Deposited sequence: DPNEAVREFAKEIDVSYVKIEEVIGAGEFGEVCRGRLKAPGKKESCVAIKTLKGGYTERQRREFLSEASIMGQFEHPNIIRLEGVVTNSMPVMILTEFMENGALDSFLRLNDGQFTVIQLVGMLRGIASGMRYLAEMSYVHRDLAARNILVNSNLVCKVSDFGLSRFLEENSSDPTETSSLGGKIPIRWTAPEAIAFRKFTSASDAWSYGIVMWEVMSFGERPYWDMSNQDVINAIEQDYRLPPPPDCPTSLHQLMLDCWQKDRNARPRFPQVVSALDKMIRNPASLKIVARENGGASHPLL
């Protein structure tokens, strides 16, 4: 959906993306009430390939409609700067948000965040979309703490293309995906276990200071991340389920959502901690 630039007001620069600024603004279109939007801008000096890659995120977002997937409002393509407008997520990226708020949300709140992410992923999997970069940094959080999946793009990773999309995010990536480049919803479930860990640790770095090769070797040698401090054992177990080496043994996302829904219904179960 092409948006008349007269309908957009940019208020403030709030971040930086791959190709430019991320801004907060207002969208007001005839017959609709004004709303808050995030706006990515692309200014002068990029190649047409770069323009296409930038706008591809909009094309992909626009294929989806789900409360846990970032909503596209529209694009500005007949004018400079080129823009992508989405719903505005007041609290930004989940990893940074949790680090700011370390120890300040309850286990039940954290599980609700995890449930929203898992519902987004359930939907993407149903739509046969493999995310491939599922990480807390790619989860955006609104004022009501609703978590939504972001970062959409279909470009192959640099390792997949010519001998001579960016690099595979090793610490989030399932071993078979690293080894063979087979990305599936089941490799996303692995990544989701890593997101669970990031959430229950209030945004700590998966595998701390381990190198990417250290991580690859550790996982092959049966190492798995330990329960974060105060983490309910049942959540750690679901993490371990996501991190099975055999991808077919991992839970699919409907199962992940169910498990989380049970926990919310049965909060006493969350009291068991190592």
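- Of the deposited sequence, positions 1-10, 175-181, 292-302 lack any modelled C-alpha atom.
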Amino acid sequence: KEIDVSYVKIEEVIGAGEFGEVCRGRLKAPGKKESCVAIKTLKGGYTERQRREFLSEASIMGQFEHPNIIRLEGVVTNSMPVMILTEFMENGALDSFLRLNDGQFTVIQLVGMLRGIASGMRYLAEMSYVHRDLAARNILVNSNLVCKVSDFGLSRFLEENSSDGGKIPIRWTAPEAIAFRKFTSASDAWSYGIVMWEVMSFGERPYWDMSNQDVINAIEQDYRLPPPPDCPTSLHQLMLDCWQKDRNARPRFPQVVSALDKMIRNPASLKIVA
From here on, numbers count along this sequence of modelled residues.
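What we label the rigid core is the largest C-alpha set whose atoms superpose within 1.5 Å from one form to the other.
- The higher RMS C-alpha distance to the shown form in 4 other deposited structures of this protein, out of 11-19 and 261-269, belongs to 11-19, with every structure fitted on the core.
- Farther on average from this form in 4 other deposited structures of this protein lies stretch 72-80, the comparison being between 115-123 and 72-80 by RMS Cα distance after core superposition.
- Omission of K43 is seen in a third or more of the other entries compared for this protein where the adjacent residues are built.
- Judged by the one-third criterion across other entries of this protein, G165, though modelled here, is missing from at least a third of those that model both its neighbours.
- Per the PDB record, of the two stretches 46-54 and 241-249, 46-54 carries the greater mean B-factor over its C-alpha atoms.
- The stretch 209-217 shows the higher mean C-alpha B-factor when 232-240 is compared against 209-217 in the entry.
- As recorded in the entry, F157 carries the highest CA temperature factor of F105, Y129, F202, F157.
- The PDB entry assigns the greatest CA B-factor among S162, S96, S187, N142 to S162.
- In this PDB entry, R115 carries a Cα temperature factor that places it within the lowest third of its chain's modelled residues.
- Among the modelled residues of the chain, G166 sits in the highest third by CA temperature factor in this PDB entry.
- Sort the modelled residues of the chain by CA B factor and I10 lands in the highest third.
- For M263, the recorded CA B-factor ranks within the highest third of the chain. Only modelled residues enter the ranking.
- Per-chain ranking of the deposited C-alpha B factor places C23 in the middle third.
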